[PDB]
Amino acid sequence: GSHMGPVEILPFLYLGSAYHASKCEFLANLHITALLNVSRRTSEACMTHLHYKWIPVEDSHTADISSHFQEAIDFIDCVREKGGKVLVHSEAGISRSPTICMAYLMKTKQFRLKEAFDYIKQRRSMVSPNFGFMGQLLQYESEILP
Amino acid sequence: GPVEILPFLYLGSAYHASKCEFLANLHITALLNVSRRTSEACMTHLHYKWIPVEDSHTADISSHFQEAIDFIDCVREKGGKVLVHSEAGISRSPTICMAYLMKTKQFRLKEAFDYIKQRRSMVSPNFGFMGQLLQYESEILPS
Amino acid sequence: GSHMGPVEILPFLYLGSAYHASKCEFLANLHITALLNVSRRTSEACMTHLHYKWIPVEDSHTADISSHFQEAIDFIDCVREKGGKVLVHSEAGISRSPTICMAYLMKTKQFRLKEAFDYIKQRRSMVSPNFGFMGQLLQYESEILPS
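Protein chains in written order, with PDB author numbering: chain C, 174 to 319; chain B, 178 to 320; chain A, 174 to 320.
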C-alpha cells in the first residue's frame, strides 16, 4: 500500500519510487546507505551522508537507458563491496528503476530477461518497463548471455 | 579552478564544483560537498556524498573525518578523482584534506597544513576546526 | 602515545589494547563495527550494537594461539565482507592481538612472517609476540606458504 516503502530485491539492493526516497526514517530503518536516482528531478530529501549518483533518464521509448547500464551496475556493485545498501529509484518505480534492477540481475546473477523480470515482478507487481526499454533489455540479454 | 592535492584528490570551492567542463577535463568522477547547500550543478553521472557542516567553531567537523576519508579512499580504489569542496574553499573542504593527509599519509598537522597551503594559499580552517585538527592529530599519531 | 588509540592495519582492520577498546567515542569515529577480543577478560565497554567474538588466550609461550588463527581470520574476513571494521585487541596490545594480525596478513595477503611483522611494527612499534607465539607463527608460516 501507500503506507509501504522500498522493496528488497537483494540484501544490498532495494527498488522503489521517488516517494520512498523521501521517507528518511524509513531508509534509516533499512540501513540504506546509497541512492541511485534515475529520474530527471533531484530531491535533496534524505541526501545527507549518503552515496548518491544521478543518472537522469526520461521514461520514454525514445530514451536510451541501456547505454547507462554499466555505470549503474558499477555503482550498485560499489555499494555491494562496501557492504552497504542502495535504493535504486525513479518517479513511479514502474519503468526506470525496475529496468535497471533487471539489467543488474542479468549482468551479475546471470538471470535471463524472463527470470529477471518475474523475480522483480514478484516483489513489486506494478513493475513494467516501457516497450522501448524492454526492447533494449532484449538486446542487452543477447549481448551478455550465450 | 580546483587545485590538485593528490592525483585522485582535488580541492576547491562551490563555484569550482559548478564548472562541469572544468571537472570533465580533469576527469573528476566524484564530489564530496561539505557545505550546507547543494548545487544541482554537474551532479549527474558522479559519485556524490554530501556531509553538511557549517563553517563555525561551534560546528563539529572532526567526527565526520572518517566518513569523508573512507569516501575519498573509495574513489581512490576505483581509480577516480574526488573534488572536495565547500562554499569559499577556505575552511571546511581544506580541513578535510588536512585530516586525510594525516590519516592516510601519516602527515603531522603542521606538514599537512603547509602541504595544502602550497597548493591553495588562502586556505585557513576556522580556529575551532584547527582545534579539532590538533585533537585529531594526537588521536591518530604517536607522541 | 597516550591520547592515541587503535592503529589501522588495513582499512577494515585495526589493532589495539583493552584500553582502546573502552574508548567508545573513538571507536565510533573510526566506524568500528566489530570487536575481536583475545584477552581472558571481557569488558562490557562499548559492546552494544557490535559484532563481538571472544577468543580467550593467555599471554604465555605455553598458550596455544595458532590453532585459533583460522577462527580469528574468518571472523575478520566476515567483517571485511560486510564492509565494516574490526578492532582486534588484547590487554597490552603487544603480544596477542598483534600475533593474530600477523597471521591474518600471512593467510590472506601471502606476507611472510618477516613482512607481516615489519608491517605491523611500523604502525605500532612496541609490538612483540612472546617467544612461544613467534615460534607458532614460524610453524604457521611453513604450513601456509611455499618454501
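Think of the CB as a built atom: it goes at the ideal place given N, C-alpha and C, for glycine as much as any other residue.
Query, Result
"Outcome for residue 287/A when other beta-carbon atoms lying within 10 angstroms are tallied against a minimum of 16", "exposed"
"Distance, residue 212/B Cα to residue 221/C Cα", "11 Å"
"Residue 237/A Cβ short of 7 Å to the ligand FMN heavy atom set", "Looking at this structure, you won't find the ligand FMN or any other ligand, since it has none at all."
"Chain-order list of residues whose beta-carbon lies under 7 Å from that of residue 299/B (same chain, five-residue window excluded)", "267"
"Beta-carbon spacing of residue 293/A, residue 307/A below 8 Å", "no"
"Proximity of residue 281/A and residue 246/A at Cβ, strictly below 8 Å", "yes"
"Assigned secondary structure, residue 210/A (DSSP; H/G/I helix, E/B strand, else coil)", "strand"
"Near-chain A residues of the region 233-263 of chain C - C-beta to any C-beta below 8 Å", "254, 255, 256 and 257"
"Assigned secondary structure, residue 215/B (DSSP; H/G/I helix, E/B strand, else coil)", "coil"
"Closest by C-alpha distance to residue 210/C, when choosing among 195/C, 318/C and 201/C", "195/C"
"Residue span of the beta strand (DSSP E) that contains residue 182/B, given as start and end", "180-183"
"Members of the region 214-226 of chain B that neighbour chain C once the beta carbon cut-off is set at 9 Å", "215, 217, 220, 221, 222, 223, 224, 225 and 226"
"Reduced DSSP category for residue 272/A - H, G, I as helix; E, B as strand; rest coil", "helix"
"Identity of the residues DSSP links to residue 225/B by a beta bridge", "225/C and 208/B"
"From 301/C, 310/C, 254/C and 265/C, residue whose alpha carbon lies closest to that of residue 353/C", "This structure cannot speak to residue 353/C, because chain C is shown only from 174 to 319."
"Exposure of residue 190/A, with buried meaning 16 or more beta-carbon neighbours within 10 Å", "buried"
"Distance between beta carbons of residue 187/B and residue 260/B, contact taken as under 8 Å", "5 Å"
"When 296/C, 240/C and 228/C are compared against residue 217/B, the one with the closest alpha-carbon", "228/C"
"Closer than 9 Å at the beta carbon, the chain D residues around residue 199/A", "Checking the listed chains, one finds no chain D in this structure; the protein chains it contains are C, B and A."
"Cut-off 6 Å between Cβ atoms - residues of its own chain near residue 181/A, not counting five sequence neighbours on either side", "187"
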